[PDB]
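> Residue numbers (PDB author numbering), protein chains in the order written: chain f, 51 to 315; chain d, 51 to 315; chain b, 55 to 326; chain i, 55 to 326; chain 1, 2 to 49; chain 3, 1 to 27, 261 to 494, 498 to 598, 606 to 776.
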Amino acid sequence: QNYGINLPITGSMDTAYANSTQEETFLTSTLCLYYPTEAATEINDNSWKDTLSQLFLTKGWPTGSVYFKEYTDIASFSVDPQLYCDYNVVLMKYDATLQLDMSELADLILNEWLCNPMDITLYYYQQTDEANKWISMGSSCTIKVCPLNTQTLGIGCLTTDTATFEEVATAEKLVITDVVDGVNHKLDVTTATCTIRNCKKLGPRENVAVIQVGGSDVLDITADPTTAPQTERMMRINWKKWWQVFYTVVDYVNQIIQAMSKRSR
Amino acid sequence: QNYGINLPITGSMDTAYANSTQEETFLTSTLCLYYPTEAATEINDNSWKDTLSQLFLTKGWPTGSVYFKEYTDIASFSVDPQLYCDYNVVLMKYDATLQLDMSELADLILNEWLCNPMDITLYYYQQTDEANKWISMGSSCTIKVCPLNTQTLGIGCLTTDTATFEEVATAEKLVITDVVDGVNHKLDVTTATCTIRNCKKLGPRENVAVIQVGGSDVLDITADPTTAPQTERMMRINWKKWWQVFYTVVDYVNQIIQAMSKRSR
Amino acid sequence: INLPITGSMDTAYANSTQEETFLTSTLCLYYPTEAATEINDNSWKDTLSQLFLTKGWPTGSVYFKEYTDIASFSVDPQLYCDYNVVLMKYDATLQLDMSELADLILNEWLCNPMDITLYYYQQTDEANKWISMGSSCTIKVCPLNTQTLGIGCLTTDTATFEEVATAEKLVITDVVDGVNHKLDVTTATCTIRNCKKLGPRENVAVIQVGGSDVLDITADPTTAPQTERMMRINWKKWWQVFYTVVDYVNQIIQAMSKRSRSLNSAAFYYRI
Amino acid sequence: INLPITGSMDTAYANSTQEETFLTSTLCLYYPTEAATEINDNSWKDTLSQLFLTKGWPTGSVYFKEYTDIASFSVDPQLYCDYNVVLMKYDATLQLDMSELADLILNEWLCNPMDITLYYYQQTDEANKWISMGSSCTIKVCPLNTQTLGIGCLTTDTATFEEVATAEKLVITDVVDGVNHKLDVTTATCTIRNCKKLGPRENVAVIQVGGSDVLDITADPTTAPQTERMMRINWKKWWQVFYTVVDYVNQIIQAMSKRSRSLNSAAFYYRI
Amino acid sequence: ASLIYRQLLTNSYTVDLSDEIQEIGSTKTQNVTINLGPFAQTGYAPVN
Amino acid sequence: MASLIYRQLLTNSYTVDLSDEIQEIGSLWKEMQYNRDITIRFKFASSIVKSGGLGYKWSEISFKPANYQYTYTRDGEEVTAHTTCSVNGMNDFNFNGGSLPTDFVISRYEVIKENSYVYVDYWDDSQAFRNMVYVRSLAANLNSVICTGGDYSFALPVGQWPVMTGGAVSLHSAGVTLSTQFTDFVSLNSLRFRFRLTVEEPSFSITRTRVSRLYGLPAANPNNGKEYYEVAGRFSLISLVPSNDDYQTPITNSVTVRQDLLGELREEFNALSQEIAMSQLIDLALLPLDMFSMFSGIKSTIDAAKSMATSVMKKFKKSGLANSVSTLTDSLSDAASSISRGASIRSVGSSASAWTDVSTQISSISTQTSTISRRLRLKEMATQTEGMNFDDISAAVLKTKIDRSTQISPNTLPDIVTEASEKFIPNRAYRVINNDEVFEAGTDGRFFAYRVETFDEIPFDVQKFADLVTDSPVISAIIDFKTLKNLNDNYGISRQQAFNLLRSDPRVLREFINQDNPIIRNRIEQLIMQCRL
Ligand SMILES: *[C@@H]1O[C@H](CO)[C@@H](O)[C@H](O)[C@H]1NC(C)=O
Ligand SMILES: *[C@@H]1O[C@H](CO)[C@@H](O)[C@H](O)[C@H]1NC(C)=O
Ligand SMILES: *[C@@H]1O[C@H](CO)[C@@H](O)[C@H](O)[C@H]1NC(C)=O
Ligand SMILES: *[C@@H]1O[C@H](CO)[C@@H](O)[C@H](O)[C@H]1NC(C)=O
Ligand SMILES: *[C@@H]1O[C@H](CO)[C@@H](O)[C@H](O)[C@H]1NC(C)=O
Ligand SMILES: [Ca+2]
Ligand SMILES: [Ca+2]
Ligand SMILES: [Ca+2]
Ligand SMILES: [Ca+2]
Ligand SMILES: [Ca+2]
Ligand SMILES: [Ca+2]
Ligand SMILES: [Ca+2]
Ligand SMILES: [Ca+2]
Ligand SMILES: [Ca+2]
Ligand SMILES: [Ca+2]
Ligand SMILES: [Ca+2]
Ligand SMILES: [Ca+2]
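1) For residue 227 (chain d), collect the residues of the same chain with a Cβ closer than 8 angstroms to its Cβ; drop the 5 residues on either side in sequence, then sort them by chain order.
2) If you measure from the CB of residue 217 (chain i), is any heavy atom of ligand 16 nearer than 7 angstroms?
3) Return the residues of the region 291-305 of chain d that lie within a Cβ-Cβ distance of less than 8 angstroms from chain f, sorted by chain order.
4) Please list, in chain order, all residues with a C-beta atom less than 6 angstroms from at least one heavy atom of ligand 12.
5) Using a Cβ-Cβ cut-off of 8 angstroms, state whether residue 38 (chain 1) counts as contacting chain d.
6) For residue 114 (chain f), name the three-state secondary structure that DSSP assigns.
7) In chain d, which residues lie less than 9 angstroms from residue 207 (chain i) when you measure between Cβ atoms?
8) Which whole-angstrom value is the C-beta distance of residue 771 (chain 3) and residue 512 (chain 3), which I expect to be below 8 angstroms?
9) Under a three-way DSSP split, which group does residue 267 (chain d) fall into?
10) Closer than 7 angstroms: is that where the CB of residue 68 (chain b) sits relative to any heavy atom of ligand 3?
11) Classify residue 685 (chain 3) as buried or exposed, calling it buried when 16 or more other Cβ atoms lie within 10 Å of its own Cβ.
12) Compute the minimum distance between the beta carbon of residue 768 (chain 3) and the heavy atoms of ligand 5, and state whether it is under 7 angstroms.
13) Interface residues of chain 1 around residue 97 (chain d) at Cβ under 7 angstroms?
14) Return helix, strand or coil for residue 756 (chain 3), following the three-state DSSP convention.
15) Classify residue 285 (chain f): buried if its beta carbon has 16 or more other beta carbons within 10 angstroms, exposed otherwise.
16) Please check the pair residue 80 (chain i) and residue 166 (chain d), which I expect to be a contact at CB under 8 angstroms, by giving their CB distance rounded to whole angstroms.
17) Within 7 angstroms: the Cβ of residue 214 (chain i) and any heavy atom of ligand 16?
18) Please state the DSSP three-state secondary structure of residue 245 (chain i).
19) Kindly identify the DSSP beta-bridge partner or partners of residue 251 (chain d).
20) Would you report the Cα separation of residue 322 (chain i) and residue 136 (chain i), rounded to the nearest angstrom?
21) In the structure shown, what three-state DSSP assignment does residue 136 (chain b) receive?
22) Kindly indicate which three-state DSSP category residue 289 (chain 3) falls into: helix, strand or coil?
23) Which residues share a DSSP beta bridge with residue 718 (chain 3)?
24) Alpha carbon to alpha carbon, how far is residue 57 (chain f) from residue 71 (chain b)?
25) Could you check which residue in 338 (chain 3), 557 (chain 3) and 399 (chain 3) has the C-alpha nearest to that of residue 778 (chain 3)?
26) Using 10 angstroms around the beta-carbon of residue 67 (chain i), count the other beta-carbons present and answer buried if the total reaches 16, otherwise exposed.
27) DSSP puts residue 256 (chain i) in a beta bridge; with which residues?
28) Using DSSP with H/G/I as helix, E/B as strand and the rest coil, what is residue 209 (chain d)?
29) Is the separation between the beta-carbon of residue 84 (chain i) and that of residue 262 (chain i) shorter than 8 angstroms?
30) With a threshold of 7 angstroms, establish whether the CB of residue 207 (chain i) neighbours any heavy atom of ligand 16.
31) Determine the direct distance from the alpha carbon of residue 178 (chain d) to that of residue 222 (chain d), and round the result to whole angstroms.
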């Protein structure tokens, strides 16, 4: 059990495919859904959770392995999302005005970020690679940046007059900022109501699954404007009600969990 | 040093890979951004061009190589575009009501067209293949077409009565018209304001790169409805500000110039 | 990983992994408000940064996270740094608090939620404890017998329950391992979790700024150990304490080792 | 293409590509308004096209493009056709203008833009010239010395500068190649461009309708060449001119050849 | 006779103090921070 | 090596030009122990020059030197001291409210920033400041001061007053040099320190104007009413008091020196010539005594230690040696280029070679040999030799004499090094070997041809000796044929020893010199006595 190390693995091509770990992973794992308040609002039923649980019970998932966790709105969810389960599903409504925020949410939860803190009053920060971004959470973040030159002086901005800084956010609950990698930036931030963290995007999180409910696929996880990929756990649906959506999820929960895979870290 | 001849080339596979021509192509080339006036308006600054150039200087592009050329609107840009640089980037705002217009702009700039003129009042024209289209630029084009039969009589239209024609374009600044290939058409066009040209589509242009700053990817380069492709130099971003977009372009310029390659012609 | 590792005793190998990360370390101090109070300066953070720069740590690697009180810090301590140092003042009326904080941060915990009402829980081994965090946690416990009745307590009268926590923010409760207990907790103001102790956290280092060594990290009274990353200092000013820490940070860093299990921000893992 | 070509003198002279280039090419005449005025007809274009249709050129291949005057034509001429013929009226007062036009269209220019105010430029070789187009160009130039000061002119007093062009629509300017000039140009009304002269443009054909052959394309006064596609007619009418062109169009296209460098609609290439 | 190349490359550090000489001998000139910025299209009050 | 030092002098001659540029744009012994304490009290001055008109405009607010004379206590004696403070390298700002006569204008006013430097000449009536005429080293450690500007109101006869306030900079001591205070009849030697300026928090500003948040210190009121600014520290100084037989230490330094003027330096050299030994000299004549190693053992004065190598170089590139070298190079170049109109003066050899162009003849073969041998001195410092390379011995004598000779000085060593290089071993011979046949030659018009194994003379084959000496490597005549044959006769010699003596090998040379061979000791003593100056 050599943890903290990475060793060469080996195998063969003559070994046969083993049994189906389904009907056991459901029992020794847990499934957490994240629905919006609009769903329960439209529904207007108190026993819909027990109903979906008794339905899951047919697919194999036992009674107390399923969890439902409401969220009033996509931004309130983006505010410190704490996903601690063994299989997470996230039903996400589409709004053309919220596109960037509901893509930042995806880039935050679908992936696994290694996040170090940040202190703006003392230091001036720079990015090193293309995956070392700055994610800001809080209730209203107003972020301004002033890049510096080789000799610690601004570029189109002054290091005293914060009004001359360059604005990238304006009262956003979640922000993910990428800047030019190789230049030191001086920052202004609403530290009182927002925390900023310098995070490196590691390999992806195979434990969550986003399901867009409405419009066409728009989520550009990769900040670089060349890939625009569609990952396997990035699902779309077209909706007019919510019971049909929940029945679809329950009937196709095995494909979802096949698209997902228990975490590594 | 032969010109205008296509000769067989020859090489090998035991030849080794040469060095990175980046950090020299930057110095020996030129870059031209095409941003909309809304960007400058939102920014509300007058040193941002020099700021971006000083940033680019950290990526390798020298000072007198980068240029920013403004365009008030998609249609105004579409009116007689002239993209003459060694690397062109275009930031296109999304608008449902401008979908076909900004698809025709893409089909015009991304591709390379061999254009001959058109004298409507004298001749009756026809298309030979799926590439000989009719592109009309100007302030307000109002095009109407009557296909003719074997004996140069009209088909559901009267050669004399201009009103019986089939209007395919109503007061548009750029039209790209594909009609039935194999019949002789007679046109009515507001030639005082719009110039129309019979243009055969050659292979693509690898010098320009479109970047849809907003909504989903809708551009249908190919006039034919079956393929509906998406190329490498057709990018997409999600936006709420413009400083972030320009920072992203800057930080991932090398990916863009990898997606692009200088022109064959 | 299950597979084995090999070695030797004659070689001088020199062949080893080289890679990159955040810039070759990070460090975070946790100092009490009293220190900045005594100092009365608004440039001492930058002073200490430029000092650490002599020891090698670059500008954007050292951080300070002020904490008002030991209890406030114990309430949801969110450590996300590659090296953590915790200066901690001595108070004989807080021994259990600043030993529970140590047993929480120095050791690595795997915690599952708990539903007091619908269920009655128990401990399996000598490492399965119950940690409760919040603003005021008053806990009461009634052991049970084979026939699901009480023992010196009554399932109905909460007053008959036996008290183990009174007006505490962090509590680490160990009860008899192998019997079902019934619990009463201020669930409105505190959250209780059934946690299991794992291999230690080599990424934090406690520094008792004051009196003699008291921290009994191990709840069992027979060990009373003292780890390499459990330090002591004698203090009359705070500038001298910080200069000492800075002059001897390379030994602190030789005593601390980066994590092995995974990355996480809190002082315990969640596994439902 | 940097590769070689190979051939043999035993091979056979293939069939005539004429009678197929006529079908897969386009022709475009440039006539003056004077011609249409003298003719006083409206269907003369369809007439000439029906006449070309005997010579082989199909219906939708021949085009006619009116130009009010030589200078208005020299202002940004956009020749976009696979074969271009130009009918050019002689005028002593316009000799240099219709020679600059010839040097512009018959040859293939590679142009870069010129910023007068911030920078100062020089010519390197005898093919790098400064061409200015617009409604009214007026160019003044002051050459400078090694230490960035004038030569018979003052860097400030624009009147001291030496006027090379006055009230001209097209100007081709060649100065001493190897000194730095400071320019004064009506940028609001004329744009100026540093253009290198590449090989010739075999796609156009100038036909001087009146006077003797005077066009001196090559700015050096030592060649004074008469290229193949530089023709001369003597005229008393325009119908005879057009009939002559139609009856001897085959020789004209034998004297011309489709371009080699690339596809482009204007009279020059742009490289910033 | 490559000693010129070798000695030039070796003694190229002297160029730095030569530049220092030319600098302390020549004149000095420094610029100020300037603004292009946003400027408001501000008129006067409506007066009578 | 010992000729490499001359080659290096010639090579590094290019520094003399920039040294002279700097100088132009600027313009037995003992030891005494300063490292005494001092306190420097000084102050600035100002020079305000107003324009006419109505009185709203000034045309200059500038700095000015400022003297000061005070008294303080040190080691229990009241010492009277005197300072003089000035500045250099300041930023001249200006304010301008308009061209009207009534608009506030300061056309020019000075401000000292981090790019400025202040100088404080100091003096007192102690013993150090009269003993510091010959210094070996000087350096001072002083505390810093923070000098702040005070309130200054511009006397506008009408309206409100502009108030100049704020501004501050920190002086830290960096750099100590000597200077002089010029009185009416005598002169005083003084010690001027240089403080560097570091800007500080208080930002200077001009009220009722668009000037604020501007750091530095202007000249309006730099002292802020303070009578003076005071630094305190220690100054470390070493002396070169020309003392004598080891008592009677001077005070006031009690000396004059040779500045009142070589006539006696030559006699010193001719007294030190023969005392030199031979085995150790040959041990020293193989060492690459580059600039450091040649100029380290000289206990120089504070100015000579700064300009000694450049001082000797600026005269070394004025001499017959350097001019002859440049002449040879010009001759070679013009010969390689002028061939079409080729200089047909003479060529004793196969073809034209600048090494074999006899000229200025004011026996024929003797003349030719001497003329060809007057360029092998250039071969020596052109690295086409093989042996002890006589200029090397000359330089070894030089380095062995200038470490003993009392009479060595900054103005003095220059042109002594050159007179040495020019007049050491004036007559000297060389040889070339070809198929076991040695052809010698000497600048004294003597030539000797001879075989290696069996020394017996031969007719001197000119037009072959030249063809060989032109391209083939050369050797020196330290062991010249006369002494060589005397040795082979009396002190019977082996083949390898003879080959090594032909090649002029220091191993065999020093082995004979330790075997006490008078036929080599006499020759080496002759070379020494010729290295006389
Ligand atoms: C593997 O699957 C086969 C087919 O269902 C079953 O017969 C077998 O028992 C399974 N293996 C085990 C160990 O149960
Ligand atoms: C080859 O490419 C690498 C990577 O860009 C670069 O560091 C190196 O200098 C290149 N080689 C040469 C000879 O320039
Ligand atoms: C490490 O490298 C050295 C030399 O490169 C080599 O001799 C040695 O075998 C390597 N180590 C291993 C385990 O192979
Ligand atoms: C070329 O011309 C000759 C002579 O008229 C004719 O016989 C031949 O068929 C022609 N070539 C082709 C391909 O038709
Ligand atoms: C002369 O020199 C010898 C040795 O060189 C020395 O012993 C002797 O004392 C000197 N004579 C005088 C008078 O000093
Ligand atoms: Ca957002
Ligand atoms: Ca980045
Ligand atoms: Ca700005
Ligand atoms: Ca359109
Ligand atoms: Ca078609
Ligand atoms: Ca119709
Ligand atoms: Ca406690
Ligand atoms: Ca009880
Ligand atoms: Ca227990
Ligand atoms: Ca003209
Ligand atoms: Ca003039
Ligand atoms: Ca020219």
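Even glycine gets a Cβ: it sits at the ideal position worked out from N, Cα and C.
Reading it off the structure:
1) 183, 184, 185, 186, 193, 195, 218 and 219
2) no
3) 291, 293, 294, 297, 298, 299, 300, 301, 302 and 305
4) 150 (chain b), 151 (chain b), 154 (chain b), 222 (chain b), 224 (chain b) and 225 (chain b)
5) yes
6) Looking at residue 114 (chain f) - three-state DSSP - the assignment turns out to be helix.
7) Correct list: empty, because the minimum Cβ distance to chain d is about 27 angstroms.
8) 6 angstroms
9) coil
10) At least one heavy atom of ligand 3 sits closer than 7 angstroms to the Cβ of residue 68 (chain b).
11) Its Cβ being crowded by 16 or more others within 10 Å, residue 685 (chain 3) is buried.
12) no
13) 37
14) helix
15) So residue 285 (chain f) counts as buried.
16) 5 angstroms
17) yes
18) strand
19) 163 (chain d)
20) 15 angstroms
21) coil
22) coil
23) Its beta-bridge partners are 674 (chain 3).
24) Those two C-alpha atoms are separated by around 12 angstroms.
25) The shown model of chain 3, from 1 to 776, leaves out residue 778 (chain 3), and the question about it has no answer.
26) exposed
27) Paired residues: none, contrary to the question.
28) Looking at residue 209 (chain d) - three-state DSSP - the assignment turns out to be coil, as it is neither helix nor strand.
29) no
30) yes
31) 25 angstroms
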